[PDB]
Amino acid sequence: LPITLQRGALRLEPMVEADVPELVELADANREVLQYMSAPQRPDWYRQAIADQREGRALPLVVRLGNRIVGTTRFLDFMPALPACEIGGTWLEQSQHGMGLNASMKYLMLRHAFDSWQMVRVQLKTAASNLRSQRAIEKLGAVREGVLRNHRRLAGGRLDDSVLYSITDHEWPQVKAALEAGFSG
């Protein structure tokens, strides 16, 4: 079920139709940085996420920094029998790269999934050509499970592999510690 997460200036809130135009304008202003994503420039990428929420398939979130939209992220691919899910669909405007915002986002969402949803597995995947995203994920301590061939298209249509990672509930203390270590340097 839907949730709103916050930590200081950062707020993760359910995505609504009213957010779509500002997200698309921001993505297009940041198009260079978003080349590894599928279609961040398309309104229907955001609306399909809102529709997926209706069908219980996704929880799309808008990232606000001091009340300003700076990007998006989402829970998806729920496996209720386990329970397990994915954090995916993440992007931030360039000026937030390196600022610790991703780490705060991942901490809030991962804490929710493990502590509140009692997940046994949270997975994350990224393009094999997207080295900065791989490093961000590796910094979490997520375990690299393998390379999935022909598993995504990049923004300009090119086929790429995906790298798949996960974190188990057993591993959560480890990951929580590493994120909290970053908060405080």
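A residue's number is simply how far along the shown sequence it sits, counting from 1.
Mean C-alpha B-factor higher for 14-22, or for 167-175?
It is 14-22.
Return whichever of 26-34 and 141-149 has the greater mean Cα B factor according to the PDB record.
The stretch with the larger mean CA B-factor is 26-34.
Maximum C-alpha temperature factor, selected from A127, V63, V122, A49
Of the options given, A49 has the highest CA B-factor in the PDB entry.
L108 - Cα temperature factor, lowest/middle/highest third of chain
As the PDB entry reports it, the C-alpha B-factor of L108 lands in the lowest third of its chain.
Please place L101 in the lowest, middle or highest third of its chain according to the CA B-factor in the PDB entry.
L101: CA B-factor falls in the middle third of its chain.
Could you look up the Cα B-factor of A39 in the entry and say which third of the chain it sits in: lowest, middle or highest?
Highest third of the chain for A39's C-alpha B-factor.
How does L59 rank on Cα B-factor within its chain, lowest, middle or highest third?
Middle third - that is where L59 ends up once the chain's C-alpha B-factors are sorted.
Assigned third (lowest, middle, highest) for the C-alpha B factor of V70:
Answer is lowest: the recorded C-alpha B-factor places it there.
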